[PDB]
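Please read the structure below before turning to the comments.
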Amino acid sequence: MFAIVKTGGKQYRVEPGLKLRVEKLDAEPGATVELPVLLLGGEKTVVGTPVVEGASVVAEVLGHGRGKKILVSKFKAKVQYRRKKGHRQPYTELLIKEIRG
Amino acid sequence: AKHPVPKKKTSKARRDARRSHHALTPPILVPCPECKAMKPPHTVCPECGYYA
Amino acid sequence: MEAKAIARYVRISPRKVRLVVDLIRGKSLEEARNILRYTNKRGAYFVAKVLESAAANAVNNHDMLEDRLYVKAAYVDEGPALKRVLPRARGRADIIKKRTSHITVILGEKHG
Amino acid sequence: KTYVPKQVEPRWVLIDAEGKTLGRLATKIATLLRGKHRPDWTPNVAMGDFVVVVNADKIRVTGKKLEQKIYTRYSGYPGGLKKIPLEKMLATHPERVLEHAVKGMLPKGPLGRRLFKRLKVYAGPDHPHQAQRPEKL
Amino acid sequence: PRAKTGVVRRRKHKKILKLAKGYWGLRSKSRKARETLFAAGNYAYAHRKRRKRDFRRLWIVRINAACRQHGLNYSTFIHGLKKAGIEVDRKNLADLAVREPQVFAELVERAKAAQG
RNA sequence: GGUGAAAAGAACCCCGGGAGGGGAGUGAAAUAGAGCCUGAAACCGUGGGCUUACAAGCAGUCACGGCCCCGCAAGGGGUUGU
RNA sequence: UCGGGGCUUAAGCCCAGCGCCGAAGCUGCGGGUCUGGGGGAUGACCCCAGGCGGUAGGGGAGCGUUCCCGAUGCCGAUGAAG
Ligand SMILES: [Mg+2]
Ligand SMILES: [Mg+2]
Ligand SMILES: [Mg+2]
Ligand SMILES: [Mg+2]
Ligand SMILES: [Mg+2]
Ligand SMILES: [Mg+2]
Ligand SMILES: [Mg+2]
Ligand SMILES: [Mg+2]
Ligand SMILES: [Mg+2]
Ligand SMILES: [Mg+2]
Ligand SMILES: [Mg+2]
Ligand SMILES: [Mg+2]
Ligand SMILES: [Mg+2]
Ligand SMILES: [Mg+2]
Ligand SMILES: [Mg+2]
Ligand SMILES: [Mg+2]
Ligand SMILES: [Mg+2]
Ligand SMILES: [Mg+2]
Ligand SMILES: [Mg+2]
Ligand SMILES: [Mg+2]
Ligand SMILES: [Mg+2]
Ligand SMILES: [Mg+2]
Ligand SMILES: [Mg+2]
Ligand SMILES: [Mg+2]
Ligand SMILES: [Mg+2]
Ligand SMILES: [Mg+2]
Ligand SMILES: [Mg+2]
Ligand SMILES: [Mg+2]
Ligand SMILES: [Mg+2]
Ligand SMILES: [Mg+2]
Ligand SMILES: [Mg+2]
Ligand SMILES: [Mg+2]
Ligand SMILES: [Mg+2]
Ligand SMILES: [Mg+2]
Ligand SMILES: [Mg+2]
Ligand SMILES: [Mg+2]
Ligand SMILES: [Mg+2]
Ligand SMILES: [Mg+2]
Ligand SMILES: [Mg+2]
Ligand SMILES: [Mg+2]
Ligand SMILES: [Mg+2]
Ligand SMILES: [Mg+2]
Ligand SMILES: [Mg+2]
Ligand SMILES: [Mg+2]
Ligand SMILES: [Mg+2]
Ligand SMILES: [Mg+2]
Ligand SMILES: [Mg+2]
Ligand SMILES: [Mg+2]
Ligand SMILES: [Mg+2]
Ligand SMILES: [Mg+2]
Ligand SMILES: [Mg+2]
Ligand SMILES: [Mg+2]
Ligand SMILES: [Mg+2]
Ligand SMILES: [Mg+2]
Ligand SMILES: [Mg+2]
Ligand SMILES: [Mg+2]
Ligand SMILES: [Mg+2]
Ligand SMILES: [Mg+2]
């Protein structure tokens, strides 16, 4: 059931329950959260308005956690200037449960 | 020291490369009538002798 | 099983002997003996001599059979160099490198 | 993650050339040459359709072009700038005129050349009667 | 109290030279690596911003190549949606063109009618 | 400048003219074997994995794919085709 | 050789229009740091708004090396430094 859902500024399709990783959220460790945001479905849930009206995808916040430490580093030539800076983004482990439109 | 002079240290890669055809080639030998010994073609040989 | 043999401190240039060794690498013992015999190079004599002892060790210390061994692997290594002066025109003095080698040869039982 | 394509059978095509304006034709030929028309597009892999053209000599061209248009062949030697007008091309090998137009509109890279192979051109018609031949306009 | 250079410098070096492993020639065997890493760092940070524009266009082509098959400009298509008031098709997920064509098709029809 | 706690400094056999090795033997340890503690880097070499003979390059970076490698998978490592 | 291909009721020039592409700008979601305001009697921590290209320079806060007190201590062959 290809149901889209925008969360964390970005939106993605959602299968009938599956492991997914999304932007950080203010949910309990292993609780449940509903994303009223939903677009389309398995049988052509045309999204009239920007977002489908009565409908919702729910998922269990499997857990939080930071990720790979990407390394940003600036440098300008002929001019003593260099900046080493590490940065690792946070992300919640949204395990999809219910996909009821 | 004079006019012609290497402009850059030749990389180890480009170096080894030039030494491509540098490799040796094994001698050519054949069994003799006398001993089973290996003689180079068109030759006599010690510890074997010859005829005519 | 394998039988080593090493010639340390051989007054001869590595690049030079590498050529000879490269000839015999992974060859039947009797095959090699012949190559070194008629191969035209100074490096032969040294490699042959160490190759030859490599066999003796294979036999008199490792129960191996002469009629069944080969060159599992072999290689020369660069040892210390003898630096020497060299009078050059107009006073310039150049240091010449009489290099040295560490010939290694290792034999092995063929198959079964 | 965006779709990751897999091996696909080469879709051949048969194209006419009578009355077709040189360039306007070359554009489409190019666009079809790379799989840039099919929505399963991927620059990386290169999987454009095998375009085959016929009736090259038939190609139209506006204004003073048969007489004006000049082609440059530079050899490594001095004064080797040898230049040939359009009329002469159609006299000798006319297929060239369409080739040197398509080739120019393909990308510059290694696969761009791999694409120039997908393009077959003759004037007759009568291609090598292989198999596919889905005509088009 | 004299303070030798000691270990300090050697660690700082191999520390960097480890990062620089996998490069070409001296470039991965010395202080050349540093220069190389400088360039790399700046490349990544720029190719990070690029990676966005990369897929922006990657998708666009796909979408356009798809609705052009139904018979319209990508420009025409999008205008219909912007009018229809459907932010839904984020250009990324317009990849429906390959997954569930039919859904894309009905999205097309929506834009057709949405226009006029 | 520096073997080791001690010279216990390697008898005897084997290859070799010798040098040097291979066994044996001492030692906790012998890649502690004698300009011998530790033993880094440049630099030379042997074996293995990925790779390269239509290709244009400050040598990297971003992406996808292929091959090999750790894990059951999800993942990660190495390599580089476009 | 107009960047090239190539373009002629144009892929050129003028006039009117709609749409789309397009930057590290602006928005969205997440995270730093600092400054300001609040909760909080409070220290504390949380929330809200804003600032954060940079050479010569000025300012602030750290990290590591050697050595001394802490040592008649503590770790250390079940392995110190490197
Ligand atoms: Mg509800
Ligand atoms: Mg980790
Ligand atoms: Mg610069
Ligand atoms: Mg040079
Ligand atoms: Mg090499
Ligand atoms: Mg080599
Ligand atoms: Mg004769
Ligand atoms: Mg006789
Ligand atoms: Mg060499
Ligand atoms: Mg013997
Ligand atoms: Mg002289
Ligand atoms: Mg010199
Ligand atoms: Mg006809
Ligand atoms: Mg001229
Ligand atoms: Mg002239
Ligand atoms: Mg054909
Ligand atoms: Mg046919
Ligand atoms: Mg110093
Ligand atoms: Mg975009
Ligand atoms: Mg001692
Ligand atoms: Mg002594
Ligand atoms: Mg003593
Ligand atoms: Mg000795
Ligand atoms: Mg022993
Ligand atoms: Mg021992
Ligand atoms: Mg020993
Ligand atoms: Mg070692
Ligand atoms: Mg030791
Ligand atoms: Mg020894
Ligand atoms: Mg000695
Ligand atoms: Mg000691
Ligand atoms: Mg060296
Ligand atoms: Mg050398
Ligand atoms: Mg190349
Ligand atoms: Mg298991
Ligand atoms: Mg992981
Ligand atoms: Mg132009
Ligand atoms: Mg211009
Ligand atoms: Mg105007
Ligand atoms: Mg007006
Ligand atoms: Mg206007
Ligand atoms: Mg206008
Ligand atoms: Mg309008
Ligand atoms: Mg409008
Ligand atoms: Mg308007
Ligand atoms: Mg407009
Ligand atoms: Mg900004
Ligand atoms: Mg405050
Ligand atoms: Mg409180
Ligand atoms: Mg107080
Ligand atoms: Mg802020
Ligand atoms: Mg001191
Ligand atoms: Mg003291
Ligand atoms: Mg002990
Ligand atoms: Mg230990
Ligand atoms: Mg230990
Ligand atoms: Mg110390
Ligand atoms: Mg310390």
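A note on labels: chains of the structure tokens are A, B, ... as shown, every chain counts residues from 1, and ligands are counted from 1 in their shown order.
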**Request:** Please identify every residue of chain E that has at least one atom no more than 10 Å from any atom of chain A, counting only C-alpha atoms, and report them as a VMD selection string.
**Result:** chain E and resid 37 to 46 48 81 to 82 84 to 90 92 to 93 96 99 to 100 102 to 104 106 to 107 110
Would you output that residue set with N, CA and C atoms, as a short mmCIF file (atom, residue, chain, number, x, y, z; two decimals), in the first residue's frame?
```
data_model
loop_
_atom_site.label_atom_id
_atom_site.label_comp_id
_atom_site.auth_asym_id
_atom_site.auth_seq_id
_atom_site.Cartn_x
_atom_site.Cartn_y
_atom_site.Cartn_z
N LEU E 37 44.14 16.17 1.18
CA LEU E 37 43.00 16.15 2.08
C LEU E 37 42.32 17.50 2.12
N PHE E 38 43.10 18.57 2.04
CA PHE E 38 42.52 19.89 2.02
C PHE E 38 41.54 19.95 0.87
N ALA E 39 41.99 19.52 -0.30
CA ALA E 39 41.18 19.60 -1.51
C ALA E 39 39.95 18.71 -1.40
N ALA E 40 40.15 17.52 -0.84
CA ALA E 40 39.07 16.57 -0.64
C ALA E 40 37.97 17.14 0.24
N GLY E 41 38.36 17.68 1.39
CA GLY E 41 37.41 18.26 2.32
C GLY E 41 36.52 19.28 1.65
N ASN E 42 37.14 20.22 0.96
CA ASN E 42 36.41 21.23 0.20
C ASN E 42 35.56 20.62 -0.90
N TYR E 43 36.02 19.52 -1.49
CA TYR E 43 35.22 18.86 -2.52
C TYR E 43 33.96 18.24 -1.93
N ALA E 44 34.12 17.56 -0.81
CA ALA E 44 32.98 16.90 -0.20
C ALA E 44 31.94 17.95 0.14
N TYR E 45 32.33 18.94 0.94
CA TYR E 45 31.38 19.97 1.37
C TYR E 45 30.65 20.65 0.22
N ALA E 46 31.30 20.74 -0.93
CA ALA E 46 30.68 21.32 -2.11
C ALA E 46 29.83 20.28 -2.84
N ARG E 48 28.39 18.08 -1.49
CA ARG E 48 27.28 17.78 -0.62
C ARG E 48 26.10 18.61 -1.09
N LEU E 81 -0.57 20.75 -11.08
CA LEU E 81 -0.51 20.37 -9.67
C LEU E 81 -0.46 21.59 -8.76
N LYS E 82 0.41 22.54 -9.09
CA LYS E 82 0.53 23.75 -8.29
C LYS E 82 -0.84 24.42 -8.22
N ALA E 84 -3.86 22.59 -8.86
CA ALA E 84 -4.73 21.62 -8.22
C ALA E 84 -4.58 21.67 -6.70
N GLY E 85 -3.50 22.28 -6.24
CA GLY E 85 -3.22 22.36 -4.81
C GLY E 85 -2.80 21.02 -4.24
N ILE E 86 -1.95 20.30 -4.97
CA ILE E 86 -1.42 19.03 -4.49
C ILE E 86 0.10 19.01 -4.37
N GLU E 87 0.58 19.49 -3.22
CA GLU E 87 1.99 19.44 -2.86
C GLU E 87 2.46 17.99 -2.78
N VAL E 88 1.50 17.08 -2.83
CA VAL E 88 1.75 15.65 -2.67
C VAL E 88 2.98 15.19 -3.45
N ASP E 89 2.91 15.22 -4.77
CA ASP E 89 4.04 14.79 -5.58
C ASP E 89 5.23 15.70 -5.33
N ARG E 90 5.98 15.38 -4.29
CA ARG E 90 7.31 15.92 -4.11
C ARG E 90 8.14 15.33 -5.24
N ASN E 92 10.68 14.15 -5.90
CA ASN E 92 11.36 12.89 -5.65
C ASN E 92 10.41 11.72 -5.84
N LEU E 93 9.27 11.78 -5.15
CA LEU E 93 8.29 10.70 -5.20
C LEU E 93 7.47 10.71 -6.47
N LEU E 96 6.96 7.65 -9.13
CA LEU E 96 5.85 6.73 -9.33
C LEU E 96 5.79 6.32 -10.79
N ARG E 99 7.17 3.12 -10.49
CA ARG E 99 6.42 2.32 -9.53
C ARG E 99 4.94 2.69 -9.54
N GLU E 100 4.09 1.75 -9.93
CA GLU E 100 2.65 2.00 -10.01
C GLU E 100 2.33 3.11 -11.01
N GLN E 102 0.01 3.55 -12.99
CA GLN E 102 -1.39 3.92 -13.00
C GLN E 102 -1.63 5.10 -12.07
N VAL E 103 -0.99 5.07 -10.91
CA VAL E 103 -1.12 6.14 -9.93
C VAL E 103 -0.62 7.44 -10.54
N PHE E 104 0.49 7.35 -11.26
CA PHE E 104 1.03 8.51 -11.95
C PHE E 104 0.03 8.98 -13.00
N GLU E 106 -3.26 8.69 -13.13
CA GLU E 106 -4.39 9.39 -12.56
C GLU E 106 -3.97 10.75 -12.03
N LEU E 107 -2.72 10.85 -11.62
CA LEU E 107 -2.15 12.13 -11.21
C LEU E 107 -2.10 13.05 -12.41
N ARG E 110 -5.56 14.26 -13.25
CA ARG E 110 -5.92 15.28 -12.28
C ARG E 110 -5.40 16.63 -12.73
#
```
**Message:** Within 12 Å of chain B, which residues belong to chain E? Use only C-alpha atoms and report them as a list in words.
**Reply:**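 In the required form, that comes to residues 24, 25, 26 and 27 of chain E.
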**Request:** Please report as a PyMOL selection string which residues of chain G come no farther than 9 Å from chain A, using only C-alpha atoms (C1' of nucleotides).
**Result:** chain G and resi 28-32+55
**Prompt:** DSSP on the backbone: what in chain D comes out strand (DSSP E or B), as a ChimeraX atom specification?
**Reply:** /D:12-15,21,50-53,60,70-72,83-85,120-121,135-136
May I have the residues from that selection written out with N, CA and C atoms, as a tab-separated table (two decimals), in the first residue's frame?
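Dumped everything to out-v4.tsv:
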```tsv
chain	number	residue	atom	x	y	z
D	12	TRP	N	15.21	-1.23	-30.76
D	12	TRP	CA	15.59	-0.63	-32.03
D	12	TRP	C	14.50	0.26	-32.59
D	13	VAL	N	14.86	1.09	-33.55
D	13	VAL	CA	13.92	2.00	-34.19
D	13	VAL	C	14.31	2.25	-35.64
D	14	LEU	N	13.30	2.49	-36.48
D	14	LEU	CA	13.53	2.82	-37.88
D	14	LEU	C	13.09	4.26	-38.09
D	15	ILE	N	13.98	5.07	-38.64
D	15	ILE	CA	13.65	6.46	-38.89
D	15	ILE	C	13.82	6.85	-40.35
D	21	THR	N	14.31	18.38	-41.90
D	21	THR	CA	15.33	19.39	-41.71
D	21	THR	C	16.48	18.77	-40.92
D	50	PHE	N	18.64	1.81	-30.13
D	50	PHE	CA	19.40	1.73	-31.37
D	50	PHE	C	18.64	2.41	-32.50
D	51	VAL	N	18.96	3.67	-32.78
D	51	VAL	CA	18.30	4.38	-33.87
D	51	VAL	C	18.93	4.06	-35.22
D	52	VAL	N	18.09	3.69	-36.19
D	52	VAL	CA	18.56	3.44	-37.54
D	52	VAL	C	17.85	4.36	-38.54
D	53	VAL	N	18.64	5.08	-39.32
D	53	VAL	CA	18.10	6.05	-40.27
D	53	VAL	C	18.34	5.66	-41.73
D	60	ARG	N	16.64	17.83	-46.02
D	60	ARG	CA	16.50	19.22	-46.39
D	60	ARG	C	17.44	20.08	-45.55
D	70	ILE	N	30.38	24.93	-44.34
D	70	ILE	CA	31.72	24.41	-44.57
D	70	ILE	C	32.11	23.45	-43.45
D	71	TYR	N	32.78	22.36	-43.82
D	71	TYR	CA	33.20	21.36	-42.85
D	71	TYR	C	34.73	21.38	-42.72
D	72	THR	N	35.24	21.32	-41.49
D	72	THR	CA	36.68	21.42	-41.26
D	72	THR	C	37.33	20.09	-40.87
D	83	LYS	N	39.16	22.00	-45.95
D	83	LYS	CA	37.76	22.28	-45.68
D	83	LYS	C	36.83	21.94	-46.85
D	84	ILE	N	35.68	21.37	-46.52
D	84	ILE	CA	34.74	20.86	-47.51
D	84	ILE	C	33.33	21.40	-47.30
D	85	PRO	N	32.74	21.96	-48.37
D	85	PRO	CA	31.39	22.53	-48.37
D	85	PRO	C	30.35	21.43	-48.33
D	120	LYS	N	22.79	4.08	-36.50
D	120	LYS	CA	23.08	3.53	-37.82
D	120	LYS	C	22.44	4.40	-38.90
D	121	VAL	N	23.19	4.67	-39.97
D	121	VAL	CA	22.71	5.58	-41.01
D	121	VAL	C	23.10	5.16	-42.43
D	135	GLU	N	9.06	1.71	-36.92
D	135	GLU	CA	9.12	2.98	-37.64
D	135	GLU	C	8.76	4.13	-36.72
D	136	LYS	N	9.07	5.35	-37.15
D	136	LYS	CA	8.75	6.54	-36.38
D	136	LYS	C	8.85	7.79	-37.25
```
**Item:** Given 9 Å and only C-alpha atoms (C1' of nucleotides) and all ligand atoms, residues near ligand 25 as a PyMOL selection string
**Value:** chain F and resi 27+29-30
**Request:** Name all residues at most 9 Å from residue 17 (chain E) (count only C-alpha atoms (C1' of nucleotides); drop same-chain ones fewer than 5 positions away) and give them as a PyMOL selection string.
**Result:** chain E and resi 12+28-31+33-34
**Message:** Any residue with an atom at most 12 Å from ligand 58 counts, using only C-alpha atoms (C1' of nucleotides) and all ligand atoms. Which are they? Put them as a PyMOL selection string.
**Reply:** (chain E and resi 6-8) or (chain G and resi 64-66+80-82)
Once you have the residues from the selection above, write them out as a PDB file, in the first residue's frame, restricted to N, CA, C and O atoms (P, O5', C5', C4', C3', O3' and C1' of nucleotides).
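So result.pdb came out as:
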```
ATOM      1  N   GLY E   6      59.446  14.531  20.954  1.00  0.00           N
ATOM      2  CA  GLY E   6      58.914  13.261  21.409  1.00  0.00           C
ATOM      3  C   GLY E   6      57.984  12.607  20.405  1.00  0.00           C
ATOM      4  O   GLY E   6      58.150  12.733  19.192  1.00  0.00           O
ATOM      5  N   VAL E   7      56.991  11.905  20.928  1.00  0.00           N
ATOM      6  CA  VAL E   7      56.030  11.185  20.110  1.00  0.00           C
ATOM      7  C   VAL E   7      55.120  12.117  19.320  1.00  0.00           C
ATOM      8  O   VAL E   7      54.722  11.815  18.194  1.00  0.00           O
ATOM      9  N   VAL E   8      54.806  13.253  19.928  1.00  0.00           N
ATOM     10  CA  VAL E   8      53.751  14.140  19.454  1.00  0.00           C
ATOM     11  C   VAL E   8      53.613  14.224  17.943  1.00  0.00           C
ATOM     12  O   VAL E   8      52.550  13.946  17.395  1.00  0.00           O
TER      13      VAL E   8
ATOM     14  P     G G  64      44.621  16.821  27.231  1.00  0.00           P
ATOM     15  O5'   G G  64      46.022  16.790  26.470  1.00  0.00           O
ATOM     16  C5'   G G  64      46.387  15.623  25.750  1.00  0.00           C
ATOM     17  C4'   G G  64      47.569  15.920  24.848  1.00  0.00           C
ATOM     18  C3'   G G  64      48.935  16.045  25.507  1.00  0.00           C
ATOM     19  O3'   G G  64      49.515  14.768  25.716  1.00  0.00           O
ATOM     20  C1'   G G  64      48.621  17.796  23.976  1.00  0.00           C
ATOM     21  P     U G  65      50.535  14.509  26.925  1.00  0.00           P
ATOM     22  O5'   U G  65      51.887  15.217  26.449  1.00  0.00           O
ATOM     23  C5'   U G  65      52.628  14.659  25.371  1.00  0.00           C
ATOM     24  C4'   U G  65      53.938  15.399  25.199  1.00  0.00           C
ATOM     25  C3'   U G  65      54.721  15.582  26.485  1.00  0.00           C
ATOM     26  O3'   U G  65      55.469  14.408  26.770  1.00  0.00           O
ATOM     27  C1'   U G  65      54.626  17.625  25.345  1.00  0.00           C
ATOM     28  P     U G  66      55.622  13.885  28.281  1.00  0.00           P
ATOM     29  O5'   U G  66      56.789  14.800  28.867  1.00  0.00           O
ATOM     30  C5'   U G  66      58.037  14.772  28.221  1.00  0.00           C
ATOM     31  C4'   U G  66      58.902  15.847  28.826  1.00  0.00           C
ATOM     32  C3'   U G  66      58.810  15.907  30.339  1.00  0.00           C
ATOM     33  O3'   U G  66      59.772  15.058  30.908  1.00  0.00           O
ATOM     34  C1'   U G  66      58.542  18.059  29.449  1.00  0.00           C
ATOM     35  P     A G  80      51.269  -3.126  30.292  1.00  0.00           P
ATOM     36  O5'   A G  80      52.082  -1.855  30.788  1.00  0.00           O
ATOM     37  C5'   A G  80      51.898  -1.399  32.112  1.00  0.00           C
ATOM     38  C4'   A G  80      52.931  -0.336  32.439  1.00  0.00           C
ATOM     39  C3'   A G  80      53.339   0.544  31.265  1.00  0.00           C
ATOM     40  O3'   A G  80      52.402   1.603  31.068  1.00  0.00           O
ATOM     41  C1'   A G  80      55.265  -0.181  32.405  1.00  0.00           C
ATOM     42  P     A G  81      52.046   2.086  29.582  1.00  0.00           P
ATOM     43  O5'   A G  81      53.387   2.803  29.102  1.00  0.00           O
ATOM     44  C5'   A G  81      53.764   4.044  29.687  1.00  0.00           C
ATOM     45  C4'   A G  81      55.064   4.554  29.093  1.00  0.00           C
ATOM     46  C3'   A G  81      55.070   4.687  27.576  1.00  0.00           C
ATOM     47  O3'   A G  81      54.523   5.934  27.158  1.00  0.00           O
ATOM     48  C1'   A G  81      56.981   3.487  28.276  1.00  0.00           C
ATOM     49  P     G G  82      53.521   6.006  25.909  1.00  0.00           P
ATOM     50  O5'   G G  82      54.404   5.514  24.670  1.00  0.00           O
ATOM     51  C5'   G G  82      55.477   6.302  24.198  1.00  0.00           C
ATOM     52  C4'   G G  82      56.454   5.476  23.387  1.00  0.00           C
ATOM     53  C3'   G G  82      55.882   4.785  22.166  1.00  0.00           C
ATOM     54  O3'   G G  82      55.763   5.682  21.077  1.00  0.00           O
ATOM     55  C1'   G G  82      57.143   3.234  23.386  1.00  0.00           C
TER      56        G G  82
END
```
**Item:** Best match for closeness to residue 77 (chain E) among G:75, G:47, G:20, G:26, counting only C-alpha atoms (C1' of nucleotides)
**Value:** G:20
**Prompt:** Counting only C-alpha atoms (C1' of nucleotides) and all ligand atoms, which protein, DNA or RNA residues come within 12 Å of ligand 26, given as a list in words?
**Reply:**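 If we count only C-alpha atoms (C1' of nucleotides) and all ligand atoms, the neighbours of ligand 26 turn out to be residues 4 and 6 of chain C; 10, 21, 22, 23, 24, 25, 30, 31, 32 and 33 of chain F.
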**Request:** Please indicate the distance in Å from CA of residue 2 (chain D) to CA of residue 109 (chain D), rounded to one decimal place.
**Result:** 23.9 Å
**Prompt:** Looking at D:62, D:130, D:42, D:31, which one is nearest to chain F, with distances taken over only C-alpha atoms (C1' of nucleotides)?
**Reply:**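 Residue with the minimum atom-to-atom distance to chain F: D:42.
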**Message:** Residues of chain E were defined as contacting chain G if any atom lay at most 12 Å from it, counting only C-alpha atoms (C1' of nucleotides); please report them as JSON, numbers by chain.
**Reply:** {"E": [1, 2, 3, 4, 5, 6, 7, 8, 9, 11, 12, 45, 46, 47, 48, 49, 50, 52, 53, 56, 57, 60, 61, 64, 73, 74, 75, 76, 77, 78, 79, 80, 82, 83, 115]}
**Message:** Could you check the closest approach to residue 48 (chain C) for each of C:76, C:19, C:86, C:105 and tell me which residue wins, using only C-alpha atoms?
**Reply:**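 Closest candidate: C:105.
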**Request:** Mind giving me the straight-line distance from CA of residue 114 (chain D) to CA of residue 47 (chain D) in Å, one decimal?
**Result:**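 Here the two named atoms are 9.9 Å from each other.
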**Request:** Output the neighbourhood of ligand 38 as a PyMOL selection string, that is, all protein and nucleic acid residues with some atom at most 12 Å from the ligand, counting only C-alpha atoms (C1' of nucleotides) and all ligand atoms.
**Result:** chain G and resi 1-4
**Prompt:** What lies within 10 Å of residue 25 (chain B) using only C-alpha atoms (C1' of nucleotides), ignoring chain neighbours under 2 positions off, as a PyMOL selection string?
**Reply:** (chain B and resi 22-23+27-28) or (chain C and resi 19-20+22-23+39)
